[PDB]
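Asker: Input: one structure, supplied below.
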Amino acid sequence: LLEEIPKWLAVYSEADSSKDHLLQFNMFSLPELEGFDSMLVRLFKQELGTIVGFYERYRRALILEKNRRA
Amino acid sequence: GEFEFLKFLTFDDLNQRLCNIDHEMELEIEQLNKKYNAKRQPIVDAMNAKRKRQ
Ligand code: NI
């Protein structure tokens, strides 16, 4: 499948650190673990683009509203 | 639409929000950076162990 990110990985990144330790990452091959790592990084960028996109609109919404009053 | 509530703000309130917007983003991004770094550590530690084991 194309650019697949396993659902469990997404859940993992959104959860807290409490049950981190019980991850048997040893069971995976080095390539799969490099896979997981790079997927987290994509997840970061997604969430980052969302954050940064919101603040685009928000800023633009504000300035539009100011001009309106003037 | 998404920001309809801004129509209820005073003119100063709008400026005040425009004042705070950058810093507000920088905090958000920092919390994000911290979040993912701590999520990667387990994986990165494992790879290091694989590399040392083999
Ligand atoms: Ni495929």
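By convention in this document, the chains of the structure tokens carry letters A, B, ... by their order, each chain's residues are numbered from 1, and ligands are numbered from 1 in the order they are shown.
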Produce a table with one row for each residue of chain A that has an atom at most 10 Å from any atom of ligand 1, each row naming the nearest atom pair and its distance in Å at one decimal; use only C-alpha atoms and all ligand atoms; arrange rows by chain and rising residue number; format as a Markdown table.
Answerer:
| residue | atom | partner | partner_atom_place_in_ligand_line | distance |
| --- | --- | --- | --- | --- |
| A:1 | CA | ligand 1 | 1 (Ni) | 3.2 |
| A:2 | CA | ligand 1 | 1 (Ni) | 4.7 |
| A:3 | CA | ligand 1 | 1 (Ni) | 7.2 |
| A:4 | CA | ligand 1 | 1 (Ni) | 7.5 |
Asker: Pull out every residue of chain A that has at least one atom within 10 Å of chain B, counting only C-alpha atoms, and report them as a ChimeraX atom specification.
Answerer: /A:12-17,20-21,23-34,36-38,40-41,43-45,47-48,51-52,54-55,57-63,65-66,68-70
Asker: With C-alpha atoms retained, export the selected residues as a PDB file, in the first residue's frame.
Answerer:
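File produced: out-v6.pdb:
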ATOM      1  CA  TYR A  12       0.686   5.799  19.858  1.00  0.00           C
ATOM      2  CA  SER A  13       1.848   9.310  19.006  1.00  0.00           C
ATOM      3  CA  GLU A  14      -1.332  10.847  20.433  1.00  0.00           C
ATOM      4  CA  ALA A  15      -1.128   8.911  23.704  1.00  0.00           C
ATOM      5  CA  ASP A  16       0.893   9.689  26.833  1.00  0.00           C
ATOM      6  CA  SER A  17       4.220   8.254  27.965  1.00  0.00           C
ATOM      7  CA  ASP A  20       5.782   3.490  26.551  1.00  0.00           C
ATOM      8  CA  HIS A  21       8.106   0.999  28.199  1.00  0.00           C
ATOM      9  CA  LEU A  23       6.850  -1.748  23.666  1.00  0.00           C
ATOM     10  CA  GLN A  24       8.825  -4.747  22.451  1.00  0.00           C
ATOM     11  CA  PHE A  25      10.537  -2.819  19.655  1.00  0.00           C
ATOM     12  CA  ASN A  26      13.265  -5.468  19.679  1.00  0.00           C
ATOM     13  CA  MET A  27      10.907  -7.790  17.756  1.00  0.00           C
ATOM     14  CA  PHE A  28      11.146  -5.643  14.628  1.00  0.00           C
ATOM     15  CA  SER A  29      13.823  -5.610  11.968  1.00  0.00           C
ATOM     16  CA  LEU A  30      16.020  -2.552  11.718  1.00  0.00           C
ATOM     17  CA  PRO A  31      14.360  -1.535   8.412  1.00  0.00           C
ATOM     18  CA  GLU A  32      10.866  -1.694   9.942  1.00  0.00           C
ATOM     19  CA  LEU A  33      12.034   0.430  12.886  1.00  0.00           C
ATOM     20  CA  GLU A  34      13.503   2.955  10.485  1.00  0.00           C
ATOM     21  CA  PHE A  36       8.301   3.555  12.020  1.00  0.00           C
ATOM     22  CA  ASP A  37      10.703   6.388  12.818  1.00  0.00           C
ATOM     23  CA  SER A  38      10.207   8.099   9.451  1.00  0.00           C
ATOM     24  CA  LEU A  40       6.359   9.548  13.111  1.00  0.00           C
ATOM     25  CA  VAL A  41       8.230  12.332  11.375  1.00  0.00           C
ATOM     26  CA  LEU A  43       2.947  12.633  11.533  1.00  0.00           C
ATOM     27  CA  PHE A  44       4.828  15.584  13.038  1.00  0.00           C
ATOM     28  CA  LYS A  45       4.793  17.439   9.727  1.00  0.00           C
ATOM     29  CA  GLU A  47       0.207  18.122  12.693  1.00  0.00           C
ATOM     30  CA  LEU A  48       2.636  20.983  12.109  1.00  0.00           C
ATOM     31  CA  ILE A  51      -1.152  24.109  13.353  1.00  0.00           C
ATOM     32  CA  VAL A  52       0.531  26.507  10.988  1.00  0.00           C
ATOM     33  CA  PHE A  54      -4.898  27.400  11.410  1.00  0.00           C
ATOM     34  CA  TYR A  55      -2.828  30.401  12.395  1.00  0.00           C
ATOM     35  CA  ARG A  57      -6.572  31.724   8.608  1.00  0.00           C
ATOM     36  CA  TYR A  58      -6.868  33.078  12.169  1.00  0.00           C
ATOM     37  CA  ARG A  59      -4.447  35.907  11.394  1.00  0.00           C
ATOM     38  CA  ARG A  60      -6.223  36.579   8.105  1.00  0.00           C
ATOM     39  CA  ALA A  61      -9.616  36.485   9.820  1.00  0.00           C
ATOM     40  CA  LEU A  62      -8.432  39.099  12.333  1.00  0.00           C
ATOM     41  CA  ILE A  63      -7.023  41.543   9.787  1.00  0.00           C
ATOM     42  CA  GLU A  65     -12.277  42.030  10.620  1.00  0.00           C
ATOM     43  CA  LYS A  66     -10.217  45.115  11.502  1.00  0.00           C
ATOM     44  CA  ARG A  68     -14.195  45.907   7.975  1.00  0.00           C
ATOM     45  CA  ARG A  69     -14.705  48.182  10.963  1.00  0.00           C
ATOM     46  CA  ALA A  70     -12.682  50.858   9.170  1.00  0.00           C
TER      47      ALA A  70
END
Asker: Would you work out the distance separating CA of residue 7 (chain A) from CA of residue 31 (chain B), expressed in Å to one decimal?
Answerer: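 Atom-to-atom, CA of residue 7 (chain A) to CA of residue 31 (chain B), that is 22.5 Å.
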